[PDB]
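Protein chains in written order, with the deposited numbering: chain A, 1 to 185; chain B, 709 to 754; chain C, 125 to 257.
Backbone N, C-alpha and C fix where the C-beta goes; we use that ideal spot for every residue, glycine too.
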Amino acid sequence: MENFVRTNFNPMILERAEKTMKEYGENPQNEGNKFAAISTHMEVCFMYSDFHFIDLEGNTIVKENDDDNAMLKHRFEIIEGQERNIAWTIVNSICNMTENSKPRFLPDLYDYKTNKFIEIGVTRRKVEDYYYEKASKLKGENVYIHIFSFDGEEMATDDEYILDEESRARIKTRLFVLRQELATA
Amino acid sequence: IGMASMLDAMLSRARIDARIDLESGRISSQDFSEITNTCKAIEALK
Amino acid sequence: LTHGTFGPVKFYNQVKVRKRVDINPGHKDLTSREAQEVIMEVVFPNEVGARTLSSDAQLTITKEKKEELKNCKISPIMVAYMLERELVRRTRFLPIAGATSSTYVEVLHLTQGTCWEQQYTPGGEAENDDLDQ
């Protein structure tokens, strides 16, 4: 549905979704395949980045306000939703001051405490069909994949959940509600 | 190459340059907020 | 030139075959795109694109160039320019009598005229490929 992203989501994401999809051929009217799918690629990033910061020594903190203010810093950077030039300037600026690997294809987030790049990939497939479709292609490099499910069952790499359980619980309910409006749309 | 704005691209570069210049470098904590405040001030002017 | 050696001048009718030859002695042979990756790594490291260094040639050049050009107060534009001129092979059709090697092509004006050969050996050592040929 063309008004699936416009009635549900807030105004700031609509402009982000309106942006870089204009490049090949399709448009908001044609498909309900990869039109709205790009919208939540940024919403998950904001839920992942917000309410999470780092301390003076280098320790995790899950606070209230969310506007840094001097002593604390963002814990994630928004790679998706940028220009392809800025995207890799983000990636490369990281690798130059922390001796890390440079991923072949684009990641979507980066954790500053654990130094993990995060390629997001949630879909209607359960867990195993889409975890080893990417992990046996983006291998060698240690790109951290976080494979959720449409319902709630979870399976990360080694189940190494860097994120605390309060935010990831609300992340499940954020996708547990959007799943239900595919049928009624 | 890029379809984005000249200003938005500079702003995007300003935010992350200030990031690594402090996070793992040699620029003070108060200066990171001094820059990102200006990027916010600029973003407000549209 | 400083380390070159001059022999005698012989006067004789000088046959010159028009031929495509190198005009960039020391062209650490790469394609244009490969050199662009190298140049970016050296002078614009933070602003590199998605691609990476593909060969051992591109890696040893990049690390040598990074080391040699370390802390040289000069416009990055000029560094990028000179590296472009240095790395990529450049050719030209030129009338040549005798050695076609790049270091001999470089001194055609000095070593051959219409009726004379000026025997000359450029400073430096001949490459084995040339010597074998």
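Chain A contact for residue i (CB, 8 Å cutoff)
{"i": "residue 200/C", "result": "no"}
{"i": "residue 176/C", "result": "yes"}
{"i": "residue 167/C", "result": "no"}
{"i": "residue 721/B", "result": "yes"}
{"i": "residue 726/B", "result": "no"}
{"i": "residue 717/B", "result": "yes"}
{"i": "residue 743/B", "result": "no"}
{"i": "residue 171/C", "result": "yes"}
{"i": "residue 737/B", "result": "yes"}
{"i": "residue 750/B", "result": "no"}
Counted within 10 angstroms of its Cβ, other Cβ atoms place residue i as buried (16 or more) or exposed
{"i": "residue 52/A", "result": "buried"}
{"i": "residue 81/A", "result": "buried"}
{"i": "residue 115/C", "result": "Summary: the structure shown does not reach residue 115/C, with chain C confined to residues 125 through 257, and so no result is reported for it."}
{"i": "residue 177/A", "result": "exposed"}
{"i": "residue 139/C", "result": "exposed"}
{"i": "residue 163/C", "result": "buried"}
{"i": "residue 107/A", "result": "buried"}
{"i": "residue 182/A", "result": "exposed"}
{"i": "residue 24/A", "result": "exposed"}
{"i": "residue 146/A", "result": "buried"}
{"i": "residue 726/B", "result": "buried"}
{"i": "residue 753/B", "result": "exposed"}
{"i": "residue 253/A", "result": "The first residue shown for chain A is 1 and the last is 185, placing residue 253/A beyond what the model contains."}
{"i": "residue 97/A", "result": "exposed"}
{"i": "residue 158/C", "result": "buried"}
{"i": "residue 105/A", "result": "exposed"}
Simplified DSSP assignment, three categories, for residue i
{"i": "residue 102/A", "result": "coil"}
{"i": "residue 156/A", "result": "strand"}
{"i": "residue 190/C", "result": "helix"}
{"i": "residue 132/C", "result": "strand"}
{"i": "residue 198/C", "result": "coil"}
{"i": "residue 162/C", "result": "helix"}
{"i": "residue 24/A", "result": "coil"}
{"i": "residue 48/A", "result": "helix"}
{"i": "residue 147/A", "result": "strand"}
{"i": "residue 212/C", "result": "strand"}
{"i": "residue 245/C", "result": "strand"}
{"i": "residue 254/C", "result": "helix"}
{"i": "residue 125/A", "result": "coil"}
{"i": "residue 172/C", "result": "coil"}
{"i": "residue 170/A", "result": "helix"}
{"i": "residue 67/A", "result": "coil"}
{"i": "residue 127/C", "result": "coil"}
{"i": "residue 92/A", "result": "helix"}
{"i": "residue 743/B", "result": "helix"}
{"i": "residue 176/A", "result": "helix"}
{"i": "residue 182/C", "result": "helix"}
{"i": "residue 37/A", "result": "helix"}
{"i": "residue 97/A", "result": "helix"}
{"i": "residue 715/B", "result": "helix"}
{"i": "residue 19/A", "result": "coil"}
Residues that residue i bridges to, as DSSP identifies them
{"i": "residue 142/C", "result": "219/C"}
{"i": "residue 153/C", "result": "Looking at the DSSP assignment, residue 153/C forms no beta bridge with any residue, so it has no partner."}
{"i": "residue 109/A", "result": "118/A"}
{"i": "residue 240/C", "result": "135/C"}
{"i": "residue 4/A", "result": "BP columns for residue 4/A are empty, so no partner."}
{"i": "residue 78/A", "result": "DSSP lists no partner for residue 78/A."}
{"i": "residue 54/A", "result": "60/A and 73/A"}
Test: residue i CB closer than 8 Å to a CB of chain B
{"i": "residue 183/A", "result": "no"}
{"i": "residue 57/A", "result": "no"}
{"i": "residue 114/A", "result": "no"}
{"i": "residue 169/A", "result": "no"}
{"i": "residue 173/A", "result": "no"}
{"i": "residue 73/A", "result": "yes"}
{"i": "residue 68/A", "result": "yes"}
{"i": "residue 80/A", "result": "no"}
{"i": "residue 77/A", "result": "yes"}
{"i": "residue 60/A", "result": "no"}
Residues of its chain near residue i, where Cβ-Cβ distance is below 6 Å and the 5 sequence neighbours each way are ignored
{"i": "residue 98/C", "result": "Given that chain C is displayed from residue 125 to residue 257, the structure contains no residue 98/C and the question cannot be resolved."}
{"i": "residue 153/C", "result": "213"}
{"i": "residue 78/A", "result": "45"}
{"i": "residue 143/C", "result": "220"}
{"i": "residue 235/C", "result": "242 and 244"}
Nonlocal neighbours in the same chain, by C-beta distance under 8 Å from residue i, ignoring five residues either side
{"i": "residue 750/B", "result": "715 and 719"}
{"i": "residue 736/B", "result": "730"}
{"i": "residue 167/A", "result": "47, 48, 51, 52 and 62"}
Proximity test, Cβ basis, 8 Å: residue i and chain C
{"i": "residue 102/A", "result": "yes"}
Cβ neighbours of residue i in the same chain (closer than 7 Å, five flanking residues each side left out)
{"i": "residue 38/A", "result": "17 and 21"}
{"i": "residue 167/C", "result": "200, 203 and 204"}
{"i": "residue 185/A", "result": "1 and 4"}
{"i": "residue 723/B", "result": "744 and 747"}
{"i": "residue 740/B", "result": "726 and 730"}
{"i": "residue 175/C", "result": "161"}
> In chain order, what residues of the segment 84-96 of chain A put their CB closer than 9 Å to some CB of chain D?
Replying inline: Checking the listed chains, one finds no chain D in this structure; the protein chains it contains are A, B and C.
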